[PDB]
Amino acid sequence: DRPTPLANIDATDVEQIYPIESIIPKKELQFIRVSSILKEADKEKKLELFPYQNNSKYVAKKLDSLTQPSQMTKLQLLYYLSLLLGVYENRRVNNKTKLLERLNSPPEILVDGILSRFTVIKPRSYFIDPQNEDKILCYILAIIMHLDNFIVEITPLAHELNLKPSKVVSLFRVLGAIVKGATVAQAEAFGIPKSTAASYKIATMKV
């Protein structure tokens, strides 16, 4: 129905607005295997294990922070983000066979899950309509909200995702995030000049 994951209307903490269950069904989770990524010492080899190889800037940046077994769930979300990004960047592909050729051997059930929930079957051959296209991006952005602890800098993210900054702003607003300039406090934390912090856009979720 909506391009966003199903919100928890009773949420009292930002973490609960978009529960993990809303982003990835519980049944699809045992199939996101991240132990090898966590154990692999070489960053190049870690990156090679991701389901989409078109050198995601976001994945490589975010990887450096996900090193402990307590962060396994976050690492599964990053793996899934990579797959969704692969489906989005290859949105013009209309069949499962060509799609798999553009991807780095993800478990087939995850691809099936994406095709059944983010595409329409042509009356097998499929179509990603304009709404399903934004749905893919909204789930990517809901993941980023979990991974960046509900405070996101628009400008580096737009660059990392190869998306127009105004599209990132617009989609974060569709997700219910507040998008405005950084406070002098946020400027100190983010290491951005205080005098123009108002022009540096930040997306935040609130309860």
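Quick note: we count residues from 1 along the sequence shown, nothing fancier.
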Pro123 to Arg124: deposited residues without atomic coordinates | 4 to 9
Segment of higher mean CA temperature factor, 76-84 or 113-121 | 113-121
Averaging C-alpha B-factors over each stretch, which comes out higher, 184-192 or 17-25?
-> 184-192
Just grab whichever of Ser170, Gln68, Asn149, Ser36 has the top CA B-factor as deposited.
-> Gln68
Report the option among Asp64, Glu48, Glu153, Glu160 whose CA atom has the maximum B-factor in the deposited record.
-> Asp64
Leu6: CA temperature factor from the record, placed by chain third, in the middle
Within this chain's modelled residues, let me know which third the CA B factor of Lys135 belongs to: lowest, middle or highest.
-> lowest
Which third, lowest, middle or highest, does the CA B-factor of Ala60 fall in along this chain?
-> middle
Select lowest, middle or highest to describe the third in which the CA B-factor of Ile32 falls within its chain in this entry.
-> middle
